[PDB]
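Notes to accompany the following structure.
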Amino acid sequence: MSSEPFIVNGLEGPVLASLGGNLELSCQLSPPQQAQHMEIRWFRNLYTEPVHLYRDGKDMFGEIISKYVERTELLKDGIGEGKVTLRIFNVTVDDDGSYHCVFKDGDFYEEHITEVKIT
């Protein structure tokens, strides 16, 4: 009974960062595809309006990543290895709560709560 689409690997994610500096967000996935054309959401914000989903390497106006300004670099080069690395600049003491890591493998989707830590 193969009902396993794609899953997450590793841990929830205790990601450590420095305020104003660079936040390297790391998520591990085990998809059936290379996930290059897949959709990912790797951010934290309050209420469903900003931070929705960024896809294929293309931004989404309705996702408005402009919420974290132009300080966003989603390393998708790793995605073929099952790793996504979001470099977000200027982490804050409110932002270091739990980052919402969401992976969308075509029709499949998985969730993860990455607890940030300002060290």
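In the structure tokens, chains take letters A, B, ... by order of appearance, with residues numbered from 1 within each chain and ligands from 1 in the order shown.
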
> How would you write, as a PyMOL selection string, the set of residues in chain A that DSSP gives as strand (DSSP E)?
Replying inline: chain A and resi 7-9+15-17+22-30+39-43+54-55+72-75+83-89+98-105+108-118

Got time to write the residues from that selection, C-alpha atoms, as an mmCIF file, in the first residue's frame?
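This went into result.cif:
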data_model
loop_
_atom_site.group_PDB
_atom_site.id
_atom_site.type_symbol
_atom_site.label_atom_id
_atom_site.label_comp_id
_atom_site.auth_asym_id
_atom_site.auth_seq_id
_atom_site.Cartn_x
_atom_site.Cartn_y
_atom_site.Cartn_z
ATOM 1 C CA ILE A 7 8.322 13.321 3.314
ATOM 2 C CA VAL A 8 10.630 15.471 5.390
ATOM 3 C CA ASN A 9 14.042 14.351 6.616
ATOM 4 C CA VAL A 15 18.173 27.063 13.190
ATOM 5 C CA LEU A 16 20.536 29.533 14.846
ATOM 6 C CA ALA A 17 21.184 33.054 13.584
ATOM 7 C CA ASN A 22 22.315 36.216 7.628
ATOM 8 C CA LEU A 23 19.760 33.550 8.445
ATOM 9 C CA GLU A 24 20.498 30.268 6.711
ATOM 10 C CA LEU A 25 17.315 28.233 6.774
ATOM 11 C CA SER A 26 17.791 24.554 6.046
ATOM 12 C CA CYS A 27 15.065 22.056 5.192
ATOM 13 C CA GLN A 28 15.507 18.459 4.015
ATOM 14 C CA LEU A 29 12.986 16.716 1.783
ATOM 15 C CA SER A 30 12.645 13.296 0.190
ATOM 16 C CA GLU A 39 6.884 24.974 -5.010
ATOM 17 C CA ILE A 40 8.321 25.958 -1.645
ATOM 18 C CA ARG A 41 7.360 28.252 1.221
ATOM 19 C CA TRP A 42 10.195 28.942 3.660
ATOM 20 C CA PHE A 43 9.151 31.939 5.775
ATOM 21 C CA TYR A 54 7.184 30.799 -4.190
ATOM 22 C CA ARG A 55 7.458 28.442 -7.149
ATOM 23 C CA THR A 72 15.675 36.609 0.210
ATOM 24 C CA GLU A 73 17.823 33.932 -1.452
ATOM 25 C CA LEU A 74 16.267 30.477 -1.686
ATOM 26 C CA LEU A 75 19.077 28.078 -2.534
ATOM 27 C CA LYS A 83 18.014 20.174 0.540
ATOM 28 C CA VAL A 84 16.698 23.735 0.445
ATOM 29 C CA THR A 85 18.677 26.601 1.931
ATOM 30 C CA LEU A 86 16.972 29.953 2.345
ATOM 31 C CA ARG A 87 19.365 32.782 3.042
ATOM 32 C CA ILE A 88 17.296 35.543 4.580
ATOM 33 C CA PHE A 89 19.007 38.736 5.664
ATOM 34 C CA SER A 98 9.080 29.233 14.396
ATOM 35 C CA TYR A 99 9.727 29.492 10.670
ATOM 36 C CA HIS A 100 7.138 27.893 8.438
ATOM 37 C CA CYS A 101 8.773 25.425 6.087
ATOM 38 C CA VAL A 102 6.312 24.047 3.553
ATOM 39 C CA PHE A 103 7.250 21.923 0.564
ATOM 40 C CA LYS A 104 4.977 21.328 -2.404
ATOM 41 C CA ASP A 105 5.943 18.487 -4.732
ATOM 42 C CA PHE A 108 1.947 16.786 -2.751
ATOM 43 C CA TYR A 109 2.728 18.984 0.251
ATOM 44 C CA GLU A 110 4.478 18.671 3.611
ATOM 45 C CA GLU A 111 4.950 20.923 6.633
ATOM 46 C CA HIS A 112 7.696 21.709 9.139
ATOM 47 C CA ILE A 113 8.175 24.141 12.011
ATOM 48 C CA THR A 114 11.732 25.427 12.138
ATOM 49 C CA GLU A 115 12.421 26.952 15.552
ATOM 50 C CA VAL A 116 14.827 29.862 15.105
ATOM 51 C CA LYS A 117 17.387 30.819 17.747
ATOM 52 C CA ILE A 118 19.190 34.142 18.014
#

Could you name the residues that touch residue 90 (chain A) at 6 Å or less, counting only C-alpha atoms, but leaving out those on the same chain fewer than 3 positions away, as a short mmCIF file (atom, residue, chain, number, x, y, z; two decimals) with N, CA and C atoms, in the first residue's frame?
data_model
loop_
_atom_site.label_atom_id
_atom_site.label_comp_id
_atom_site.auth_asym_id
_atom_site.auth_seq_id
_atom_site.Cartn_x
_atom_site.Cartn_y
_atom_site.Cartn_z
N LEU A 19 21.12 38.58 14.82
CA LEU A 19 20.21 39.64 14.44
C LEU A 19 20.84 40.55 13.39
N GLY A 20 20.08 40.86 12.35
CA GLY A 20 20.56 41.75 11.31
C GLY A 20 21.50 41.06 10.34
N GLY A 21 22.01 39.90 10.73
CA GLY A 21 22.94 39.18 9.89
C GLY A 21 22.24 38.25 8.92
#

>> Just list as a VMD selection string whatever in region 12-105 of chain A DSSP marks as helix (DSSP H, G or I).
In response: chain A and resid 65 to 68 77 to 81

Residue selection dump (N, CA, C and O atoms) as an mmCIF file, in the first residue's frame:
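Written out: part_39.cif:
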data_model
loop_
_atom_site.group_PDB
_atom_site.id
_atom_site.type_symbol
_atom_site.label_atom_id
_atom_site.label_comp_id
_atom_site.auth_asym_id
_atom_site.auth_seq_id
_atom_site.Cartn_x
_atom_site.Cartn_y
_atom_site.Cartn_z
ATOM 1 N N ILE A 65 6.625 38.340 -1.400
ATOM 2 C CA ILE A 65 7.881 38.107 -0.687
ATOM 3 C C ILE A 65 8.561 39.437 -0.367
ATOM 4 O O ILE A 65 9.485 39.507 0.445
ATOM 5 N N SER A 66 8.061 40.499 -0.987
ATOM 6 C CA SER A 66 8.478 41.853 -0.675
ATOM 7 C C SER A 66 8.276 42.157 0.815
ATOM 8 O O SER A 66 8.766 43.166 1.322
ATOM 9 N N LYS A 67 7.532 41.289 1.505
ATOM 10 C CA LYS A 67 7.332 41.419 2.947
ATOM 11 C C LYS A 67 8.663 41.287 3.688
ATOM 12 O O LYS A 67 8.889 41.949 4.700
ATOM 13 N N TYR A 68 9.544 40.434 3.177
ATOM 14 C CA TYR A 68 10.895 40.320 3.713
ATOM 15 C C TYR A 68 11.858 41.058 2.791
ATOM 16 O O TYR A 68 13.066 40.812 2.787
ATOM 17 N N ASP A 77 19.389 25.089 -5.593
ATOM 18 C CA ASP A 77 20.415 24.245 -6.201
ATOM 19 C C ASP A 77 20.554 22.944 -5.415
ATOM 20 O O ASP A 77 20.852 21.887 -5.969
ATOM 21 N N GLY A 78 20.297 23.036 -4.122
ATOM 22 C CA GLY A 78 20.363 21.881 -3.257
ATOM 23 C C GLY A 78 19.165 20.961 -3.403
ATOM 24 O O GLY A 78 19.209 19.816 -2.966
ATOM 25 N N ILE A 79 18.078 21.473 -3.983
ATOM 26 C CA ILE A 79 16.807 20.749 -4.009
ATOM 27 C C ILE A 79 16.919 19.415 -4.751
ATOM 28 O O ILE A 79 16.228 18.456 -4.413
ATOM 29 N N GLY A 80 17.818 19.346 -5.730
ATOM 30 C CA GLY A 80 18.047 18.096 -6.436
ATOM 31 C C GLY A 80 18.726 17.075 -5.546
ATOM 32 O O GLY A 80 18.754 15.881 -5.847
ATOM 33 N N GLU A 81 19.276 17.559 -4.442
ATOM 34 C CA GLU A 81 19.900 16.712 -3.441
ATOM 35 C C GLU A 81 18.944 16.496 -2.272
ATOM 36 O O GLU A 81 19.234 15.734 -1.349
#
